[PDB]
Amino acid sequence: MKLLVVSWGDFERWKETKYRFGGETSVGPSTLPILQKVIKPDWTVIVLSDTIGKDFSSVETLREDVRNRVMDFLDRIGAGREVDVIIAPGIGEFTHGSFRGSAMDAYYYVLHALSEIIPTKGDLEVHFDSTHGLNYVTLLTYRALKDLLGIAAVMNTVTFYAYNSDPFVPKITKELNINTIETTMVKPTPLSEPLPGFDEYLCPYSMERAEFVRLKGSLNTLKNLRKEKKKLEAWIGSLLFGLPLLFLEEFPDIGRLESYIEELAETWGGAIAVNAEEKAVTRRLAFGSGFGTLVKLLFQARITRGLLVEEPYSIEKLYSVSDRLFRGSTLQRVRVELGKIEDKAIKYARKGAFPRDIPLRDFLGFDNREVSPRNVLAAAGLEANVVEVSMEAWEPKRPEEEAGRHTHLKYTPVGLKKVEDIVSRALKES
């Protein structure tokens, strides 16, 4: 999949020029047609600021004014069908209107929009045009894109190319090159941040705290999240620290994460006040870092959801999951720990012994019944005192080959809680 993302300011102001890119030539006010010709993207995303809007009756007459103006220009320059337009929350005081709120809302809003567009299956080739962006919207768009691609790179190959034309001097410029300014193979970066305290999903920008405290208290999301926070952190830690059984046992409910994000996104949009007379938009709520963390969390669940199976979890399944998810010394520790349990399973199978629900410590022949954070993290979450082993009997013929399919691991109810506390806490000390 080839994805073209561009960052746009006030496109109506741009002058007709000739662009050079990919041995080709184009005349027009925008880089977009020549980028689309040379790259042949499967999909185009335009990120714009709502600050170019002039119809001030409401949020919807605002978005409609901006959206119609973008499509007029796209048809005029011949941009095409296969385009999403993200109308991001901008700020400032202009001829036609006044826009007030957190400058950082643009990051959370673009992060939320890109998370619903970037495919969560297969390899990505991502192209990014910074030539026409407002500096802060361009920089926040770049960051939002790179944050999501890093998570995508855990499961798939992701490459990223950035472009910028030469600088335009009004009136004297005829021709501009489109330069390549970045070529990267994006590195796998699982989510490495805990969920924050409950004052950090939505923040008052200009809302009186009576209204804020009442609003915060009326949200299902904040209540349900308090309940689930530690299980979700256990899951984030599972990918960051290399704990493949915890990855499967704590795999999050995607429908619940979606509703959390939707409730927060609509509470934010709900607090947007438009004064038709003053031509003034006030985003009385600001997104917090927690909204960002929930969006990255749902994206990561979507990217890895194809690994999930129903219990029970075999050694063979723990190996295959680990091979997709983990790298470096973390993969190799997983393989050592699974290999020791497998080696033992083989010895039992060779004796026609098929123990069930046996504490891992007895399975391995240990005698330190205390659960240590050190050993939970260092042994890939397969600590002797929190895991139960079951071998489902079969007729062994080549036991070396077979034990792995037929040996299952799970956390004991007590063990799972102690692992959740350990992993959650390790995530917060970072």
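One rule holds for the numbers: they count along the sequence shown, beginning at 1.
Asks: How many residues sit between residue 367 and residue 368 in the deposited sequence but have no coordinates: none, 1 to 3, 4 to 9, or 10 or more?
Replies: According to the record, 1 to 3 deposited residues lack coordinates from residue 367 to residue 368.
Asks: Mean CA B-factor: is it higher for 117 to 125 or for 74 to 82?
Replies: The recorded data point to 74 to 82.
Asks: Using the B-factors recorded in the PDB entry, average over the C-alpha atoms of 100 to 108 and of 170 to 178, then report which stretch comes out higher.
Replies: It is 170 to 178 that shows the higher mean C-alpha B-factor.
Asks: Hey, out of 137, 145, 225, 265, whose CA B-factor is highest in the deposited coordinates?
Replies: Of 137, 145, 225, 265, 225 has the highest C-alpha B-factor.
Asks: Name the one of 315, 210, 243, 151 with the greatest CA B-factor according to the PDB entry.
Replies: That would be 210.
Asks: Comparing residue 192 with the other modelled residues of its chain, is its CA B-factor in the lowest, middle or highest third?
Replies: As the PDB entry reports it, the C-alpha B-factor of residue 192 lands in the middle third of its chain.
Asks: Where does the C-alpha B-factor of residue 351 rank in its chain, lowest, middle or highest third?
Replies: It falls in the top third of the chain.
Asks: For the chain shown, is the CA B-factor of residue 198 in the lowest, middle or highest third of its modelled residues?
Replies: For residue 198, the deposited C-alpha B-factor lands in the highest third.
Asks: Relative to the other modelled residues of the same chain, rank the CA B-factor of residue 25 and answer lowest, middle or highest third.
Replies: Tercile = highest for this residue's CA B-factor.
Asks: Test of reading the entry: by CA B factor among the chain's modelled residues, which third contains residue 417?
Replies: It falls in the top third of the chain.
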